[PDB]
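J.: okay, structure incoming, though there's no sequence with it:
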């Protein structure tokens, strides 16, 4: 809304402040038992979301969800096998994928 450009550093400052505000992702365990991807936080908080729920993993195999890395922002996750990212802040907001993904690929809910 403000008449500004780049120097505002808004989105960059957000990501950094979101690490210290909520948490960073330390580990992930795909539980074949529950059929869910459990995102373990730096406070040991287990965010429990399904592959069929998330954009990164919508129709992805369990083996691809064993070989997982943390996001380039350090917030969420980056499944390098899939070349996909599950944004941690998005999980907290319910934003399990992009706005276009959630509108054009609606979850059975």
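T.: Cool, got the structure. Numbers count the residues shown, from 1 in each chain.

J.: for the chain, just list every one of the strands.
T.: 25-31, 36-41, 46-49, 69-70, 77-79, 84-86 (DSSP state E).

J.: show me where this protein has its helices.
T.: Using DSSP state H, the helices found in the chain span residues 10-21, 88-93, 99-104.

J.: which of the ones you listed has the highest mean neighbour count?
T.: Comparing the helices of the chain by mean neighbour count (mean count of other C-beta atoms under 10 Å), helix 88-93 ranks first with a mean of 17. Every residue, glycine included, has its C-beta placed from N, CA and C.

J.: so which elements touch that helix?
T.: strand 36-41, strand 46-49 (3 or more C-beta pairs under 8 Å, 6 or more residues apart in numbering; DSSP states H and E).

J.: who touches residue 23 in this structure?
T.: 41-43, 45, 88 (C-beta atoms under 8 Å, 6 or more residues apart in numbering).

J.: likewise residue 98?
T.: For residue 98, the contacting residues are residue 55, by C-beta under 8 Å, 6+ apart.

J.: any idea how far residue 1 is from it?
T.: Look at residue 98 and residue 1: by C-beta to C-beta, to the nearest Å, they are 23 Å apart.

J.: same thing with residue 17?
T.: Separation of residue 17 from residue 1 (C-beta to C-beta) stands at 19 Å.

J.: what does residue 13 give?
T.: Distance, residue 13 to residue 1, using C-beta to C-beta: 16 Å.

J.: ditto for residue 8
T.: According to C-beta to C-beta, residue 8 stands 11 Å off from residue 1.

J.: between the two, which one's more packed in?
T.: Ranked by neighbour count (other C-beta atoms under 10 Å), residue 8 and residue 1 place residue 8 first, with 10 against 3.

J.: didn't that one look like it was pressed against residue 2?
T.: Yes - if you go by C-beta atoms under 8 Å, residue 8 and residue 2 touch, sitting 6.9 Å apart.

J.: which residues sit against stretch 25-44?
T.: 23-24, 46-51, 54, 57, 62, 65-66, 68, 70-71, 74-77, 86, 88, 91.
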